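Undergrad: My structure is stored as model-v4.txt, with compact mmCIF, N, CA and C atoms.
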```
# COMPACT_ATOMS: atom_id res chain seq x y z
N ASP E 1 -4.54 26.05 4.82
CA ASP E 1 -4.61 26.85 6.04
C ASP E 1 -5.35 26.10 7.15
N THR E 2 -6.60 25.71 6.88
CA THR E 2 -7.42 25.01 7.85
C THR E 2 -6.85 23.63 8.15
N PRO E 3 -7.25 23.01 9.27
CA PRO E 3 -6.77 21.64 9.52
C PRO E 3 -7.22 20.67 8.45
N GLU E 4 -8.46 20.80 7.98
CA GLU E 4 -8.94 19.91 6.93
C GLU E 4 -8.05 20.01 5.69
N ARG E 5 -7.77 21.24 5.24
CA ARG E 5 -7.00 21.42 4.01
C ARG E 5 -5.57 20.93 4.17
N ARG E 6 -4.92 21.28 5.27
CA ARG E 6 -3.53 20.86 5.44
C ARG E 6 -3.42 19.35 5.55
N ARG E 7 -4.39 18.71 6.19
CA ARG E 7 -4.35 17.27 6.32
C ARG E 7 -4.74 16.58 5.02
N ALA E 8 -5.56 17.23 4.20
CA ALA E 8 -5.86 16.68 2.89
C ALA E 8 -4.64 16.72 1.98
N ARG E 9 -3.88 17.82 2.02
CA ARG E 9 -2.63 17.89 1.24
C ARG E 9 -1.65 16.82 1.70
N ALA E 10 -1.54 16.61 3.01
CA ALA E 10 -0.63 15.60 3.51
C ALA E 10 -1.08 14.22 3.08
N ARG E 11 -2.40 13.96 3.13
CA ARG E 11 -2.89 12.65 2.73
C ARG E 11 -2.54 12.37 1.28
N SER E 12 -2.72 13.37 0.41
CA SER E 12 -2.44 13.18 -1.00
C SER E 12 -0.97 12.90 -1.24
N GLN E 13 -0.10 13.60 -0.51
CA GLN E 13 1.34 13.38 -0.63
C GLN E 13 1.72 12.00 -0.12
N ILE E 14 1.21 11.61 1.04
CA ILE E 14 1.48 10.26 1.54
C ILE E 14 1.02 9.22 0.53
N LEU E 15 -0.19 9.37 0.02
CA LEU E 15 -0.71 8.37 -0.91
C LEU E 15 0.11 8.32 -2.18
N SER E 16 0.58 9.48 -2.66
CA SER E 16 1.39 9.49 -3.86
C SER E 16 2.68 8.72 -3.65
N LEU E 17 3.36 8.96 -2.53
CA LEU E 17 4.60 8.23 -2.24
C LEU E 17 4.31 6.75 -2.01
N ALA E 18 3.20 6.45 -1.33
CA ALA E 18 2.85 5.08 -1.00
C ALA E 18 2.56 4.25 -2.25
N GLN E 19 2.02 4.87 -3.31
CA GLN E 19 1.78 4.15 -4.56
C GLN E 19 3.05 3.49 -5.06
N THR E 20 4.16 4.23 -5.01
CA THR E 20 5.43 3.71 -5.47
C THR E 20 5.97 2.64 -4.54
N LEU E 21 5.87 2.88 -3.23
CA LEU E 21 6.29 1.88 -2.25
C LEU E 21 5.51 0.59 -2.42
N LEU E 22 4.21 0.70 -2.71
CA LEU E 22 3.40 -0.49 -2.95
C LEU E 22 3.86 -1.24 -4.19
N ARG E 23 4.02 -0.53 -5.32
CA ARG E 23 4.44 -1.18 -6.55
C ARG E 23 5.78 -1.89 -6.38
N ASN E 24 6.65 -1.35 -5.52
CA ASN E 24 7.99 -1.86 -5.30
C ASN E 24 8.10 -2.72 -4.05
N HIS E 25 6.97 -3.15 -3.48
CA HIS E 25 6.99 -3.84 -2.19
C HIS E 25 7.78 -5.14 -2.27
N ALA E 26 8.68 -5.35 -1.30
CA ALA E 26 9.58 -6.49 -1.34
C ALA E 26 8.88 -7.82 -1.15
N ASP E 27 7.63 -7.84 -0.65
CA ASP E 27 6.93 -9.10 -0.48
C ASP E 27 6.03 -9.47 -1.64
N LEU E 28 5.88 -8.60 -2.64
CA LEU E 28 4.97 -8.88 -3.74
C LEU E 28 5.37 -10.13 -4.51
N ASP E 29 6.68 -10.34 -4.71
CA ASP E 29 7.12 -11.51 -5.46
C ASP E 29 6.64 -12.80 -4.82
N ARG E 30 6.87 -12.95 -3.52
CA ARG E 30 6.50 -14.18 -2.83
C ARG E 30 4.99 -14.31 -2.70
N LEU E 31 4.30 -13.21 -2.36
CA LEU E 31 2.85 -13.28 -2.26
C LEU E 31 2.21 -13.64 -3.60
N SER E 32 2.76 -13.11 -4.70
CA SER E 32 2.23 -13.44 -6.02
C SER E 32 2.39 -14.92 -6.32
N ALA E 33 3.53 -15.50 -5.92
CA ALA E 33 3.74 -16.93 -6.13
C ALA E 33 2.76 -17.75 -5.30
N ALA E 34 2.46 -17.29 -4.08
CA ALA E 34 1.48 -17.97 -3.22
C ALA E 34 0.08 -17.93 -3.81
N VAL E 35 -0.33 -16.81 -4.41
CA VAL E 35 -1.63 -16.75 -5.09
C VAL E 35 -1.63 -17.65 -6.32
N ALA E 36 -0.57 -17.56 -7.13
CA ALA E 36 -0.52 -18.37 -8.35
C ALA E 36 -0.46 -19.86 -8.07
N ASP E 37 0.09 -20.29 -6.92
CA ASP E 37 0.19 -21.73 -6.67
C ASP E 37 -0.93 -22.25 -5.79
N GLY E 38 -1.86 -21.38 -5.38
CA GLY E 38 -3.07 -21.81 -4.69
C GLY E 38 -2.99 -21.81 -3.19
N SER E 39 -1.89 -21.34 -2.61
CA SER E 39 -1.81 -21.34 -1.16
C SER E 39 -2.44 -20.11 -0.53
N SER E 40 -2.80 -19.11 -1.32
CA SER E 40 -3.47 -17.95 -0.77
C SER E 40 -4.37 -17.35 -1.82
N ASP E 41 -5.43 -16.70 -1.37
CA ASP E 41 -6.17 -15.86 -2.29
C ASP E 41 -5.54 -14.47 -2.36
N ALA E 42 -5.86 -13.74 -3.43
CA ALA E 42 -5.24 -12.44 -3.65
C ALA E 42 -5.67 -11.37 -2.66
N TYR E 43 -6.87 -11.49 -2.05
CA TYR E 43 -7.29 -10.50 -1.07
C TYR E 43 -6.47 -10.64 0.21
N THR E 44 -6.37 -11.87 0.72
CA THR E 44 -5.52 -12.09 1.89
C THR E 44 -4.10 -11.66 1.61
N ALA E 45 -3.60 -11.96 0.41
CA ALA E 45 -2.23 -11.59 0.07
C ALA E 45 -2.06 -10.08 0.08
N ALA E 46 -3.00 -9.36 -0.54
CA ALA E 46 -2.91 -7.90 -0.56
C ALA E 46 -2.93 -7.34 0.86
N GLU E 47 -3.77 -7.89 1.74
CA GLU E 47 -3.78 -7.42 3.12
C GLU E 47 -2.41 -7.56 3.78
N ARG E 48 -1.67 -8.63 3.45
CA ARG E 48 -0.40 -8.87 4.11
C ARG E 48 0.66 -7.86 3.72
N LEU E 49 0.41 -7.05 2.69
CA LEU E 49 1.36 -5.99 2.37
C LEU E 49 1.32 -4.84 3.37
N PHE E 50 0.28 -4.73 4.18
CA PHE E 50 0.04 -3.53 4.97
C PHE E 50 0.29 -3.79 6.45
N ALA E 51 0.58 -2.71 7.16
CA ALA E 51 0.79 -2.76 8.60
C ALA E 51 -0.55 -2.85 9.30
N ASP F 1 -0.07 -19.63 -18.36
CA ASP F 1 0.42 -21.01 -18.36
C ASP F 1 1.77 -21.12 -17.66
N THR F 2 2.76 -20.36 -18.16
CA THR F 2 4.10 -20.39 -17.60
C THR F 2 4.11 -19.82 -16.18
N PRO F 3 5.17 -20.10 -15.40
CA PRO F 3 5.23 -19.48 -14.06
C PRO F 3 5.28 -17.98 -14.14
N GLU F 4 6.05 -17.43 -15.09
CA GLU F 4 6.12 -15.98 -15.22
C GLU F 4 4.73 -15.39 -15.45
N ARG F 5 3.97 -15.95 -16.39
CA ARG F 5 2.67 -15.38 -16.74
C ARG F 5 1.68 -15.52 -15.59
N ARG F 6 1.62 -16.69 -14.96
CA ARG F 6 0.66 -16.87 -13.87
C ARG F 6 0.99 -15.96 -12.69
N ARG F 7 2.27 -15.76 -12.42
CA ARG F 7 2.65 -14.90 -11.31
C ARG F 7 2.48 -13.43 -11.66
N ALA F 8 2.59 -13.08 -12.95
CA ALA F 8 2.30 -11.71 -13.35
C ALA F 8 0.82 -11.40 -13.21
N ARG F 9 -0.06 -12.34 -13.59
CA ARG F 9 -1.50 -12.14 -13.38
C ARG F 9 -1.82 -11.98 -11.91
N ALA F 10 -1.20 -12.80 -11.06
CA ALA F 10 -1.45 -12.70 -9.63
C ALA F 10 -0.97 -11.37 -9.09
N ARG F 11 0.21 -10.91 -9.55
CA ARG F 11 0.73 -9.64 -9.07
C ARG F 11 -0.23 -8.51 -9.42
N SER F 12 -0.76 -8.52 -10.64
CA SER F 12 -1.66 -7.46 -11.06
C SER F 12 -2.93 -7.46 -10.22
N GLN F 13 -3.45 -8.66 -9.92
CA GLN F 13 -4.65 -8.77 -9.10
C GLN F 13 -4.38 -8.30 -7.67
N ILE F 14 -3.27 -8.74 -7.08
CA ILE F 14 -2.91 -8.27 -5.75
C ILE F 14 -2.80 -6.75 -5.74
N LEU F 15 -2.09 -6.19 -6.72
CA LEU F 15 -1.89 -4.75 -6.73
C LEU F 15 -3.20 -4.01 -6.90
N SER F 16 -4.11 -4.56 -7.72
CA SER F 16 -5.39 -3.91 -7.91
C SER F 16 -6.17 -3.85 -6.60
N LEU F 17 -6.23 -4.97 -5.88
CA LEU F 17 -6.92 -5.00 -4.59
C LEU F 17 -6.21 -4.10 -3.58
N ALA F 18 -4.88 -4.12 -3.60
CA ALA F 18 -4.09 -3.35 -2.64
C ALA F 18 -4.28 -1.85 -2.81
N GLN F 19 -4.52 -1.39 -4.05
CA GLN F 19 -4.79 0.04 -4.28
C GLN F 19 -5.94 0.52 -3.41
N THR F 20 -7.00 -0.27 -3.34
CA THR F 20 -8.17 0.10 -2.56
C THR F 20 -7.88 0.02 -1.07
N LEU F 21 -7.19 -1.04 -0.64
CA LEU F 21 -6.80 -1.17 0.76
C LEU F 21 -5.92 -0.01 1.19
N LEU F 22 -5.03 0.44 0.31
CA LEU F 22 -4.20 1.59 0.62
C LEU F 22 -5.03 2.86 0.78
N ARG F 23 -5.90 3.15 -0.20
CA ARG F 23 -6.72 4.35 -0.13
C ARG F 23 -7.56 4.38 1.14
N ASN F 24 -7.98 3.20 1.62
CA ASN F 24 -8.85 3.06 2.77
C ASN F 24 -8.10 2.72 4.05
N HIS F 25 -6.77 2.87 4.06
CA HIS F 25 -5.97 2.42 5.18
C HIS F 25 -6.35 3.15 6.46
N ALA F 26 -6.55 2.38 7.55
CA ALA F 26 -7.04 2.95 8.79
C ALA F 26 -6.04 3.87 9.48
N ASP F 27 -4.76 3.83 9.10
CA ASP F 27 -3.78 4.72 9.73
C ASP F 27 -3.54 6.00 8.95
N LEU F 28 -4.14 6.16 7.77
CA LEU F 28 -3.87 7.35 6.96
C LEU F 28 -4.30 8.63 7.67
N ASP F 29 -5.43 8.59 8.39
CA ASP F 29 -5.89 9.80 9.07
C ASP F 29 -4.85 10.32 10.06
N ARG F 30 -4.36 9.44 10.92
CA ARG F 30 -3.40 9.86 11.94
C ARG F 30 -2.05 10.22 11.32
N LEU F 31 -1.57 9.42 10.37
CA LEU F 31 -0.31 9.74 9.72
C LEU F 31 -0.37 11.08 9.00
N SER F 32 -1.51 11.37 8.36
CA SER F 32 -1.66 12.65 7.67
C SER F 32 -1.59 13.81 8.66
N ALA F 33 -2.19 13.64 9.85
CA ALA F 33 -2.13 14.69 10.86
C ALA F 33 -0.70 14.88 11.35
N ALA F 34 0.05 13.79 11.47
CA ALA F 34 1.46 13.86 11.88
C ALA F 34 2.32 14.59 10.85
N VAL F 35 2.09 14.37 9.55
CA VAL F 35 2.80 15.12 8.52
C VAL F 35 2.39 16.59 8.55
N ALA F 36 1.08 16.85 8.63
CA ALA F 36 0.61 18.24 8.62
C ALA F 36 1.07 19.02 9.85
N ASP F 37 1.30 18.36 10.99
CA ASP F 37 1.69 19.11 12.19
C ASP F 37 3.19 19.10 12.42
N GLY F 38 3.96 18.47 11.53
CA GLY F 38 5.40 18.55 11.56
C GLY F 38 6.10 17.47 12.35
N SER F 39 5.38 16.48 12.85
CA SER F 39 6.05 15.44 13.61
C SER F 39 6.59 14.32 12.73
N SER F 40 6.25 14.31 11.44
CA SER F 40 6.80 13.31 10.56
C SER F 40 6.87 13.88 9.16
N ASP F 41 7.81 13.37 8.38
CA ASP F 41 7.76 13.65 6.96
C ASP F 41 6.87 12.62 6.27
N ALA F 42 6.41 12.97 5.06
CA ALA F 42 5.47 12.12 4.35
C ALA F 42 6.08 10.80 3.86
N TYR F 43 7.41 10.74 3.63
CA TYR F 43 8.01 9.49 3.20
C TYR F 43 8.02 8.48 4.34
N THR F 44 8.49 8.91 5.52
CA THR F 44 8.44 8.03 6.68
C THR F 44 7.01 7.60 6.96
N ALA F 45 6.07 8.53 6.84
CA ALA F 45 4.67 8.19 7.10
C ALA F 45 4.18 7.14 6.12
N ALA F 46 4.46 7.33 4.83
CA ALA F 46 4.03 6.35 3.83
C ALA F 46 4.62 4.98 4.13
N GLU F 47 5.90 4.92 4.52
CA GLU F 47 6.50 3.63 4.87
C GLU F 47 5.73 2.93 5.99
N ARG F 48 5.21 3.70 6.95
CA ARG F 48 4.55 3.08 8.09
C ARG F 48 3.24 2.43 7.72
N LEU F 49 2.73 2.68 6.52
CA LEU F 49 1.52 1.98 6.09
C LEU F 49 1.78 0.51 5.75
N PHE F 50 3.03 0.12 5.54
CA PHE F 50 3.34 -1.18 4.96
C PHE F 50 3.94 -2.11 6.00
N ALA F 51 3.81 -3.41 5.73
CA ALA F 51 4.38 -4.44 6.58
C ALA F 51 5.86 -4.55 6.31
```
Any chance you could put this one into structure tokens?
TA:
Amino acid sequence: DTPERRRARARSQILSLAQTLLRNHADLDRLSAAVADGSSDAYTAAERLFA
Amino acid sequence: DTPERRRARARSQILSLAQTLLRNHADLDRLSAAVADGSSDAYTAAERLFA
């Protein structure tokens, strides 16, 4: 009902959907190869998944 | 050792770090308000978190 509650429900729904989008992200394959071959660290790589 | 194994370890590390970056994403507040007020659905909103 309240703005806090309705926005908390929306946040949980967004995050739930986003978990799957993250696991299935089309750049994970290439970023993982970049971390494994030493051209990037995993923190920088993880940041590059996001807008 | 193998490319598959080293890239699987990197993927798991990237995903682990990315989980936290996602939970802390600076656009979640505004996107959640957009879903709660009817200007966006939660799937489109979740997509907008990603590059």
Undergrad: Hey, which bits of chain F sit within 6 Å of chain E, and for each residue what's the closest pair of atoms and how far apart in Å (one decimal), counting only C-alpha atoms, rows by chain and increasing number, as JSON lines?
TA:
```
{"residue": "F:6", "atom": "CA", "partner": "E:36", "partner_atom": "CA", "distance": 5.8}
{"residue": "F:7", "atom": "CA", "partner": "E:32", "partner_atom": "CA", "distance": 5.5}
{"residue": "F:10", "atom": "CA", "partner": "E:32", "partner_atom": "CA", "distance": 5.2}
{"residue": "F:11", "atom": "CA", "partner": "E:32", "partner_atom": "CA", "distance": 5.1}
{"residue": "F:14", "atom": "CA", "partner": "E:46", "partner_atom": "CA", "distance": 5.2}
{"residue": "F:18", "atom": "CA", "partner": "E:46", "partner_atom": "CA", "distance": 5.1}
{"residue": "F:32", "atom": "CA", "partner": "E:11", "partner_atom": "CA", "distance": 5.1}
{"residue": "F:33", "atom": "CA", "partner": "E:7", "partner_atom": "CA", "distance": 5.7}
{"residue": "F:36", "atom": "CA", "partner": "E:7", "partner_atom": "CA", "distance": 5.6}
{"residue": "F:42", "atom": "CA", "partner": "E:14", "partner_atom": "CA", "distance": 5.2}
{"residue": "F:46", "atom": "CA", "partner": "E:18", "partner_atom": "CA", "distance": 5.1}
{"residue": "F:49", "atom": "CA", "partner": "E:51", "partner_atom": "CA", "distance": 5.4}
{"residue": "F:50", "atom": "CA", "partner": "E:50", "partner_atom": "CA", "distance": 4.1}
{"residue": "F:51", "atom": "CA", "partner": "E:51", "partner_atom": "CA", "distance": 4.4}
```
Undergrad: Work out where the centre of an axis-aligned box around every listed atom of stretch 18-34 of chain E lies and how long its edges are once 3 Å is added on each side; give both in Å to one decimal as AutoDock Vina command-line options.
TA:
```
--center_x 4.8 --center_y -5.8 --center_z -3.5 --size_x 15.5 --size_y 30.4 --size_z 12.1
```
Undergrad: Could you tell me how far atom C of residue E:38 lies from atom N of residue F:1, in Å and to one decimal?
TA: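 Computing it gives 15.6 Å between the two atoms.
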Undergrad: Report the distance between atom N of residue E:24 and atom CA of residue F:39 in Å, rounded to one decimal place.
TA: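 Calculated distance between atom N of residue E:24 and atom CA of residue F:39 is 25.5 Å.
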Undergrad: As a ChimeraX atom specification, please: every residue in chain E that DSSP puts in helix (DSSP H, G or I).
TA: /E:3-23,28-36,42-48
